[PDB]
Amino acid sequence: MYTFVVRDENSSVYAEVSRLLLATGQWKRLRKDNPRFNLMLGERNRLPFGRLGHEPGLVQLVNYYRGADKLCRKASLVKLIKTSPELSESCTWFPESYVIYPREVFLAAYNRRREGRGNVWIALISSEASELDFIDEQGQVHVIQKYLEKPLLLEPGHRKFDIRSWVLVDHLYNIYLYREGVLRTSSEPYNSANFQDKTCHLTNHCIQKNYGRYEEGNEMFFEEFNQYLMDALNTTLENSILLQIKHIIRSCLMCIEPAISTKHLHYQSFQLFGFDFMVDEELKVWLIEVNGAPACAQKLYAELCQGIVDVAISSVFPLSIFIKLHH
Amino acid sequence: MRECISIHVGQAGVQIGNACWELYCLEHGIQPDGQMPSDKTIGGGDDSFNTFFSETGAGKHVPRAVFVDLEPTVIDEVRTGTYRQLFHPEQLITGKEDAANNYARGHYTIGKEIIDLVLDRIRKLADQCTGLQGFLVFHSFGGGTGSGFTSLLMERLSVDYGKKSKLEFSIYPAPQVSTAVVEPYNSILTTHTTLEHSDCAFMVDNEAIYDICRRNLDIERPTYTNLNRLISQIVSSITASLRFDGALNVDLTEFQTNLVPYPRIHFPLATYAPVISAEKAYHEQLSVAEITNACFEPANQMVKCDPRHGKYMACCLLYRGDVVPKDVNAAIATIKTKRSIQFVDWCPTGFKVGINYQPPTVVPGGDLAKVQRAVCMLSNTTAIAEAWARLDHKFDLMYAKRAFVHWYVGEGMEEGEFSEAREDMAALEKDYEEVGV
Amino acid sequence: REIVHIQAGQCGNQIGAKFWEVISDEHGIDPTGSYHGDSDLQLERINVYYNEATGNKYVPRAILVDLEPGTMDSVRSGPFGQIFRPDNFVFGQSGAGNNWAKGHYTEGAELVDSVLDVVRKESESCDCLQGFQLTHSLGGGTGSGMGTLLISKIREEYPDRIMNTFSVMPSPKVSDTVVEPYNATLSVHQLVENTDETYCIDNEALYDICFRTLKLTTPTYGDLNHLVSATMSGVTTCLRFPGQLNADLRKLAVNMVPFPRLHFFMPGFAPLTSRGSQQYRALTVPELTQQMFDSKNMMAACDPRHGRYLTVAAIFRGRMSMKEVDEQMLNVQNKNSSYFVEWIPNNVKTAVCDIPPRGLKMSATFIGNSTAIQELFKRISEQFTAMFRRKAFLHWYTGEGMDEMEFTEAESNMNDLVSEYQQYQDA
Amino acid sequence: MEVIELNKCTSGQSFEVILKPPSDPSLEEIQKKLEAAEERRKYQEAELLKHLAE
Ligand SMILES: Nc1nc2c(ncn2[C@@H]2O[C@H](COP(=O)(O)OP(=O)(O)OP(=O)(O)O)[C@@H](O)[C@H]2O)c(=O)[nH]1
Ligand SMILES: Nc1ncnc2c1ncn2[C@@H]1O[C@H](COP(=O)(O)OP(=O)(O)CP(=O)(O)O)[C@@H](O)[C@H]1O
Ligand SMILES: COc1cc(C(=O)c2c[nH]c(-c3cccc4[nH]ccc34)n2)cc(OC)c1OC
Ligand SMILES: Nc1nc2c(ncn2[C@@H]2O[C@H](COP(=O)(O)OP(=O)(O)O)[C@@H](O)[C@H]2O)c(=O)[nH]1
Ligand SMILES: [Ca+2]
Ligand SMILES: [Mg+2]
Ligand SMILES: [Mg+2]
Ligand SMILES: [Mg+2]
């Protein structure tokens, strides 16, 4: 019989993991500061990893990988990709990005584009190689990244979207891709001229509150998007997009495995990730960012949060919806 | 040659001292009666082993060591043990009643009754030295004597020996073999008072040694004797450069020069490999690459922590046995490509390597198998601060209720010393984060 | 590290004599003081409770006290009564008549100096005195009233020694007189201030164990004291035998008492046996740990699930796997998380002794500092107030010079003790 | 990797490998504190003995 502790009440995903484990009857919840737990659902910042794995007779597990922030922060991700030979500066699926501090001689690329005659970027979107001026005015480490000027636009609507994939990595560093993704749509037709208003340029659910016109909650699931690619483009989601998505996810997590793996550690880690992808006009997939504390989609909470219990928790403490990315 | 005086305080310090000096005698060919036939200069000498042993006219080689405990049970076993002839009776100092797991009792009430006597007996050994370089102090964090008296002694040694180096071998408390619920209190109190007086301290977490004995020596329930024989191998590996011919870590000052670039961050992490059971009937001798790679596995460390999430300030590799530099360098090259080894920006990324050709010595009838090559890594990494975080949190849990505090106030201590000690620990954790993050 | 043992009054001398009988057998000491033992673990720490007289004879460091000569004579006539030093018998002729005031203020003051002379004689032989262990009841007059007067005077002359008591709490299920809640409340007032550790031996729990668990319809004092002697052997095992902990009375107090006044322990024992009973099947380690923590095995009539453990010390006796003991001990903490305080790390300590007690191959003894002990003091406080609100039976005490204000203060202090235990139950 | 300061002897050898370059109180105050704590013990004991005398 096992026990756990909740230290991120604001977590939507692990609020459901709390209830699912309690409803099992074989899991008891303690006060958040009781250290004789089996599983910690830790806070988002300054999680005390150093205090884990020192309770005699207790196998301890935590829902976060110490060091995964190097992948889930905008500046460190650009660093991680350029410094790592497994990814490299020649990495073909990450947009050309530079870390500008309030390596700012990056203009040799921007000023080579004007010599080569498109050069709009993002931090936030403009073409005159200056916003820079908005990065200094904000006073925080920012990333300047090439804007994907020719995205894939859904019809009807000429709309832009991004793809969110949920990835679960267990204590054995098995990489599990949730079979259900989601497209976060834009409801505004893509305007290549006026980047000032960013509601046709930013697919964030919040930035869209025309919302809700084409599909519910501005969220299109994989079955419809697959049917669209078949009817409109004579291809499938697996071939045209998901093969690249699985390659990118595996490439990223394999790169940092030596730094974060808990294989021979006194405590064990798993973590749920949210990868954000963009698809250009050629059906080429680009990685936008990695989310370390991802929220799920309303319809998928029940299935994903269950699958977290089966593969990430009950596999350690004994009482598929995932694609295992083999390495 | 410059002499070093070893001081063993409290039960843990004494019993680990027994194991170390037993191992030293086997390593140098010194018999339990103090005779060393290989020593051809009778009655004196300036050889490397004379750093730890003086000589009588009768050819007896006597440890430059003082044993101190506030009760007599443990040191009496030294007085009647296998090496009873090794030590002069004035080197073994006992009181009548211990500190009862209470830092305040060991530091204030009882230690004040015996501190002058101990310093007098220490001064007797220092007078036998032609160039005393400093002291090696063995003690527990959790015991009332190991914590309270040690910190009192270290203060006085700074007064009497202002220019002498002081190194520590400190047993960090673990519940698996704990003796007191107030061990976090004693640990924080003694670390605060001793911090300015110690140049370098090698912490040994009993939890790490306990688990290594279980996993690698297949000992279901390790005893103090099991723990101390393993500890003494690591201590001997660390002090070998003072006792044998060599160019690396040849004096106490070099330990601080090589391992401690900043004074308060003077707690190097020790990692030792290989630990192999004597009972294991079939064993495949581990190569230089294998034992060197094992130095970066937390399971082989003296303190459980993750150096991948800290930064290095210095790294020392101490090999014993069949090891040549070419294989060390090849092993380091491979390991560097595959592991997370980050040095601070104001330190070069480099390893200082020492090799002694003698393989490790093992006590007959012990649990450690004979191996052809072994290594002890001394790295100064910020990751060891995880041990401070663990200790300070346990301190915080009890002190928020002032649980057990009355036992310390009753001995003349003030509540202000708890929070003053805790603020110093808070500053120490901050120092480690600034350097390491 | 010698301990000086004192037994006062009828109950104190009765359980005291049984204690010396039990541990003399465990250490291989016969009624004449001669050692006849196989193992030398029997003699390594024999000096803790025994003086070695010339001739290789061991004499208990025990002082036997009563205002009544009769129970003293019954001890001398007992199986081991001849082993005690004759100079250590200190008795009066009056008898306290279940009157705390007589034991504490009048009849007892006449005799207390003679006891202190014997205590002083024993202390001056001690290489290094640990402190004192007293056995007595709280419901009578001598063990309660004179016992606590003795404790106060011993603290005056030995302020830096440990004072440990085995204090038998009164219960109407065994009751000898109506005034016992008075005597107990006045005594607890003394114990809170002047002892470092008190084992609460509750006659209510002893009766309930004999009746409900051991199927004894008519439990006698011999039945109750059988549980007491098993308990006293267990909680002194780590003082009498060599262990990795090297326990003594001071280390026990330092580790069990986080706050000076909260020093009243709940003992527990497993397996529970009646006298002469058959124990053919040895308990397994899972059974020992489960039974020892069961409310049915507590020697204080308190529900452990009505409070939280501040600290716990447990000693397992016999040949068994220390690894398995640790697993079971760590297991019972995990399954009963809510009944141990979270803010004292490593507050449950386990020790092992190879030598089992007589008649068993495996036993387990439990020392708990639980906030549920407030139920015991509440029960006595309620019985006290039922009489005191009408000043009933007070004339027995005012006749000896006591004022009602003294009763009010003792009641108020015990109610404060209850509130203090309650504070850490919610923490 | 640069191997420097190789020193050899019969007992072994030592060297340094570089993978990449960089980028107290007096005796009197001790007795002060040992005695101030002792007086706090004597005061607390004297208060107990005064309480026992009442
Ligand atoms: N590794 C190891 N640890 C020990 C040994 N002896 C005691 N300890 C540890 O030290 C702590 C207790 O301190 P001790 O050294 O035994 O106490 P002390 O220094 O004699 O001080 P007092 O007995 O309180 O007067 C506990 O955490 C023990 O686990 C030993 O021989 N080897
Ligand atoms: N190089 C780029 N090119 C084109 N569009 C980009 C882009 N980078 C970001 N975007 C767009 O901006 C929107 C928000 O980008 P970003 O991922 O940085 O914000 P965010 O952190 O809020 C995502 P989440 O809410 O999942 O954490 C994306 O939906 C995308 O449409
Ligand atoms: C374990 O059992 C016993 C111990 C002791 C004792 O002196 C001691 C020392 N430390 C402790 C101790 C207590 C509680 C939590 C703890 N966390 C670390 C140590 C510790 N308790 C005495 C006993 O009987 C007289 C006895 O038997 C029952
Ligand atoms: N457990 C136990 N309790 C006793 C024994 N004798 C007396 N008592 C209890 O002690 C109280 C009476 O005190 P007692 O010791 O007889 O009077 P005293 O001689 O003046 O101390 C009552 O609550 C009795 O139940 C005994 O042998 N065993
Ligand atoms: Ca010589
Ligand atoms: Mg984001
Ligand atoms: Mg000791
Ligand atoms: Mg009676």
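Sequence lines set the chain letters: A, B, ... in the order given, protein chains first and strands last, and positions in each chain run from 1. Any value given below was found using the heavy atoms of this structure, including those in side chains, with hydrogens, waters and symmetry copies removed.
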Is a side-chain donor or acceptor of C/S144 paired with a backbone partner of C/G141 at a separation under 3.5 angstrom? no
Can you confirm whether C/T135 sits close enough to C/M232 that some side-chain heavy atom of one is under 4.5 Å from a side-chain heavy atom of the other? yes
Looking only at heavy atoms, the pair that brings C/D202 and C/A300 closest together is CB-CA, 3.5 Å
Determine whether C/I373 and C/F265 satisfy the following criterion, side-chain contact (heavy atoms from CB on, under 4.5 Å), listing intermediate values before the conclusion. CA-CA 8 Å; C/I373 195 70; C/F265 302 151; over 6 Å; no
Quick one: closest heavy-atom pair of C/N347 and C/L310, and the distance? ND2-O, 3.1 Å
Hey, what do you get for CG (C/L138) to OG1 (C/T185), rounding to the nearest 0.5 Å? 9.5 Å
Electrostatic pair C/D208-C/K173, nearest N-O below 4.0 angstrom: yes
Shortest non-hydrogen contact from C/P357 to C/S363? CD-OG, 3.1 Å
Give me the ring orientation class for C/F166 and C/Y199: parallel if the planes are under 30° apart, tilted from 30 to 60°, perpendicular past 60°. parallel
Would you compute the distance between atom CG of C/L206 and atom CG of C/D223 and round it to the nearest 0.5 angstrom? 10.5 Å
Just do the side chain to side chain donor-acceptor pair (under 3.5 Å) check on C/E204 and C/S171 with the steps written out, would you? CA-CA 5 Å; C/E204 183 123 336; C/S171 170; 2.5 Å; yes
Taking the inter-plane angle between the rings of C/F259 and C/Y424 on a 0 to 90° scale, is it parallel (under 30°), tilted (30 to 60°) or perpendicular (over 60°)? parallel
With no hydrogens and no angle check, do the side chains of C/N415 and C/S381 hold a donor and an acceptor under 3.5 Å apart? yes
Are C/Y182 and C/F393 an aromatic pair by the rule of ring centers under 6.0 Å? no
Strictly distance-based, threshold 3.5 Å: is any side-chain N or O of C/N164 a donor or acceptor partner for the main-chain N or O of C/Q133? no
Side chains of C/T237 and C/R317: do they bring a donor and an acceptor to under 3.5 Å? yes
Where do B/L189 and B/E417 land on the side-chain contact (heavy atoms from CB on, under 4.5 Å) test, with the steps shown first? CA-CA 8 Å; B/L189 290 168; B/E417 186 166 352; 4.1 Å; yes
Looking at OG of C/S137 and CD of C/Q14, how far apart are the two atoms once the value is rounded to the nearest 0.5 Å? 11.5 Å
Is any side-chain heavy atom of B/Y103 less than 4.5 Å from a side-chain heavy atom of B/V182? no
Determine whether the side chains of C/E180 and C/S175 contain a donor N or O and an acceptor N or O closer than 3.5 Å. yes
Quick one: does A/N34's side chain have a donor or acceptor within less than 3.5 Å of a partner on A/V5's backbone? no
Audit row: C/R261, C/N413, side chain to side chain donor-acceptor pair (under 3.5 Å) steps and yes/no: CA-CA 11 Å; C/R261 295 161 49 89; C/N413 196 19; 3.1 Å; yes
Parallel under 30°, tilted from 30 to 60°, perpendicular over 60°: which one fits the rings of C/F388 and C/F384? tilted
Charged N to carboxylate O below 4.0 Å: is that the case for A/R7 and A/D33? yes
Drop me the distance from C/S167's OG to C/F264's CZ, to the nearest 0.5 angstrom. 7.5 Å
Donor-acceptor pair between C/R308 and C/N369 side chains, under 3.5 angstrom: no
Residue pair C/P267 / C/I201, side-chain heavy-atom distance below 4.5 Å: yes
Between B/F418 and B/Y399, is the gap from one ring center to the other below 6.0 Å? yes
Under a 3.5 Å distance rule, please check whether C/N255 uses its side chain to pair with a backbone N or O of C/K251 as donor and acceptor. yes
Thinking salt bridges, do B/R422 and B/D396 make one under a 4.0 Å N-O criterion? yes
Nearest 0.5 Å please: distance from the CZ atom of C/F269 over to the CG atom of C/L288. 9.0 Å
Do the side-chain N and O atoms of C/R240 and C/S233 include a donor-acceptor pair separated by under 3.5 angstrom? yes
Please tell me whether C/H263 and C/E197 have a donor and an acceptor in their side chains that are separated by less than 3.5 angstrom. no
Please tell me whether C/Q130 and C/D248 have a donor and an acceptor in their side chains that are separated by less than 3.5 angstrom. no
What I want to check is whether the side chains of C/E375 and C/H306 have a donor and an acceptor closer together than 3.5 Å. yes
Does the side chain of C/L149 reach to within under 4.5 Å of the side chain of C/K153, using non-hydrogen atoms? yes
Value rounded to 0.5 Å, distance of CG in A/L58 from CG in C/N334: 5.0 Å
Would you say the side chain of C/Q374 lies within less than 4.5 Å of the side chain of C/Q422, judging by non-hydrogen atoms? yes
For C/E411 and C/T385, does a side-chain donor sit closer than 3.5 Å to a side-chain acceptor? yes
Heavy-atom distance under 4.5 Å between the side chains of A/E55 and A/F37, does that happen here? no
How about NZ on C/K391, more than 12 heavy atoms from neighbouring residues, nucleotides or ligands closer than 6.0 Å, or not? yes
Search all heavy atoms of C/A427 against all heavy atoms of B/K401 and return the closest pair with its distance. CB-CE, 4.5 Å
Taking side chain as C-beta onward, heavy atoms only, is C/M402 less than 4.5 Å from C/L394? no
Heavy-atom pair of closest approach, residues C/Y309 and C/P304: OH-CB, 3.3 Å
For the residue pair C/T165 and C/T198, confirm or rule out a side-chain donor-acceptor distance under 3.5 Å. yes
Do you see a donor-acceptor pair shorter than 3.5 Å between the side chains of C/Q425 and C/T371? yes
As a quick check of understanding, evaluate side-chain contact (heavy atoms from CB on, under 4.5 Å) for C/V168 and C/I15, giving each step before the final call. CA-CA 10 Å; C/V168 178; C/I15 73 174; 4.0 Å; yes
Step through it carefully: locate the ring centre of C/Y397, locate the ring centre of C/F407, and say whether they are under 6.0 Å apart. yes
Between B/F404 and B/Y185, ring centroids under 6.0 Å: no
D/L48 and side-chain contact (heavy atoms from CB on, under 4.5 Å): which single residue from C/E156, C/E193, C/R155 fits? C/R155
Answer yes if the ring centres of C/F132 and C/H5 are under 6.0 angstrom apart, and no otherwise. no
Looking only at side chains, do B/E411 and B/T109 share a donor and an acceptor under 3.5 Å apart? yes
If you compare all heavy atoms of C/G145 against all heavy atoms of C/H104, which two are closest, and at what distance to 0.1 Å? O-ND1, 2.6 Å
Please examine the side chains of C/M169 and C/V188, heavy atoms only from C-beta on, and report whether any two atoms are closer than 4.5 Å. yes
Does either side chain, that of B/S178 or that of C/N346, offer a donor lying less than 3.5 Å from an acceptor on the other one? yes
May I ask you to decide if C/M256's main-chain N or O and C/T311's side chain share a donor-acceptor pair within less than 3.5 Å? yes
Evaluate side-chain contact (heavy atoms from CB on, under 4.5 Å) for A/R29 paired with A/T3, printing each intermediate quantity in order. CA-CA 6 Å; A/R29 162 136 180 220; A/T3 177; over 6 Å; no
